[PDB]
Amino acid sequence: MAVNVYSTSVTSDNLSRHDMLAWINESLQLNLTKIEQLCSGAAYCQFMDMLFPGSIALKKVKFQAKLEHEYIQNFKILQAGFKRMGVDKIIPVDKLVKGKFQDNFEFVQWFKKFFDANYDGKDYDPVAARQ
């Protein structure tokens, strides 16, 4: 299963919002300008695909979601991926989809530590993967 990451785990330094966005944008070939835009759940779904290909129902992800009920659908896809891979993290979905900075920044700081603990260096085509 996945390597879990806890508050007590030894991890890299937290990233600035600028450096976190750079990671997201460069890794996934996106152009987010705000951490709040992670409220859509789609980037997290793709990072899960990148970590564990086949863990996520990529075809069901709404990459161009603009409505909160769509953000929730994307996070349920992510939650199913976490369950499949034995990730013991509860996603505060109700908070994230509202677009508030602190909630979204807190979760992406954890998720980047999770990612770094699990990523194997595989090549990945995030554009080809969004079809």
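We number the residues from 1 along the sequence you see.
Visitor: So, looking at the entry's B-factor column for Cα atoms, which has the higher mean, 78-86 or 59-67?
Guide: Higher of the two, by average CA B-factor, is 59-67.
Visitor: Between 119-127 and 104-112, which has the higher average C-alpha B-factor in the PDB entry?
Guide: Higher mean C-alpha B-factor: 119-127.
Visitor: Where does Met1 sit by CA temperature factor within its chain: lowest, middle or highest third?
Guide: Top third by C-alpha B-factor.
Visitor: By its CA B factor, does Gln73 count among the lowest, middle or highest third of the modelled residues in the chain?
Guide: It falls in the middle third of the chain.
Visitor: Should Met48 be placed in the lowest, middle or highest third of its chain by the C-alpha B factor in the entry?
Guide: Bottom third by C-alpha B-factor.
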